[PDB]
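Before any questions on binding or motion, here is one chain by itself as structure tokens, the form deposited in one PDB entry.
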């Protein structure tokens, strides 16, 4: 308790000595409260005018237009301690899983150079504003690194002074760049060296790309077994127990020297003990603390969520297969059975799963898995939108399974070759491309973000009639040499000024390990669409009068945007489509 968090609390107390009151009407039950102090401040979603002017039919579709307008009583709940049997299953599984992930990888510190290079090409590191303006400036200043140095030596000494969370079914925990650096130095290797690649972790999909996920789910479907299960957890980050954080910390057992000590400090001082500052309109700042739940950087959060989800799903698989009888207590002979199961079939069972942080697909040995709920519920990983003891409903067809906000279609090219393509409701895709985040966007920067969405659509969603047409229109409306941009950056192959037909050939043919015939495609007309009825099912406006008028008059929309941007060099991409080709 206060021996580990006091120093952080003490330091904040003194910087607001004018305002420090132990408020009596504090709304916290599950968070430890410590005091308040005076502040006054808040970043709404802005519309992308280039994308909206080229998607006129969607101006009267509420599912699109409502997306641009506008639970923290789930962060303030508690999770019960798992039973002894459950704690044993988790410890055995976690020990085995770090060893498997460690067989072909070496833990190592990430460098100031790697961190500096990240900041100097806009990765969402979740930092705050203040002594330097931006991340780019602090990183190019020796003073910062001396603050970093002071904290670093405090961590080597087993103590913390400045590693404090700022809070803002979501919740992002920003830290100061320094605390983020020290987290990246100790634990960045999990992402930087691809510990959760499919090659390394067998269940993972880190670095795979949306053009691979469908083929991965089809490969899982080919295993003998029961239905495909895709159960969502209700508020995964809030269900991470102190036992989970201790099993995650066992990655330090594989480390040595300075690295081991720096990593043990991140786990002990920032993950297993947290200090957080939260805005309350009653506007004050509350300084609250707790031991459990997930609150790390978003990239470390991804890897540790993937780890703990892989662990939880192996245990649910063990329950279904009858490897243990009860979570109350593991007998000596059940422990050896669980160890033996892991050694003999553990790697096969990992290959039955696709796991992306809190998101999973499992094809178990049989459907006993559906009603194997005791360990899953006792670990606190309670399923969303189903009663606690109601058996899971599985999917009979891999093309219906939800994963990473998508489903996947099997699409046969006129030449017989097979594409497995990503898909989601088209209102969601159009609504997202019509939104920007943040202030000070020039017309050029707005155009270049629209171009990033257009090129993503050409590469991932070419099979949706409306998106191939809208992508061609946006790429015709934005100057040909202007470079696509994002502000918060899976593999992003559409972020390029290379010709999109050349990129399509590289991604779907040349580098596609599921495509045996490497014959390049010569034009966009060789590249197929979904069935017309399937395209409508997934939200196409094909068949509507609004959509017909838009398609017919598209050159008028393109010319409106070109007139706003001004006298620049543009390319007409519309004749790449049969209907504009004379």
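Residue numbers count along the first chain shown, from 1. Rigid core here is just the name for the largest C-alpha set that superposes within 1.5 Å across the two forms.
Modelled in this chain, residue 538 is likewise resolved in all the other entries of the protein that span it on both sides, not missing from even a third of them. For residue 43, the fraction of other compared entries lacking coordinates, among those that model flanking residues, reaches at least a third. The gap between residue 489 and residue 490 holds 4 to 9 unmodelled residues of the deposited sequence. Unmodelled residues of the deposited sequence between neighbouring positions residue 42 and residue 43 number 1 to 3. In this crystal structure, the stretch out of 295 to 303 and 201 to 209 whose C-alpha atoms carry the higher mean B factor is 295 to 303. For the pair 388 to 396 and 145 to 153, the mean Cα B-factor is higher in 145 to 153. Highest C-alpha temperature factor among 105, 78, 464, 88 per the entry: 78.
Highest CA B-factor among 518, 532, 26, 547, as stated in the entry: 26. Residue 32: CA B factor lies in the highest third for its chain, per the PDB record. In the PDB entry, residue 169 places in the highest third of its chain by CA B-factor.
When all modelled residues of the chain are sorted by CA temperature factor, residue 572 is found within the middle third. Residue 501 sits in the lowest third of its chain by CA B factor, as recorded in the PDB entry.
The entry lists a Cα temperature factor for residue 261 that places it in the highest third of the chain's modelled residues.
Omitted here: the form deposited in another entry. The next part is about that form.
Core superposition between this form and the one not shown leaves every listed residue (82, 178, 479, 394) with a C-alpha shift below 2 angstroms except 479. With a cut-off of 2 Å and the rigid core superposed, residue 111 has a Cα displacement that falls short of the cut-off between this form and the one not shown. Taking 2 Å as the criterion, residue 244 does not count as shifted between this form and the one not shown: its C-alpha moves by less than this amount when the rigid core is aligned. With the core held fixed, the Cα of residue 427 is displaced between this form and the one not shown by 2 Å or more. The pair residue 135 and residue 438 is at least 3 angstroms farther apart at the CA level in the other entry than in the present model. Relative to the shown form, the Cα atoms of residue 117 and residue 122 move apart by 3 Å or more in the other entry.
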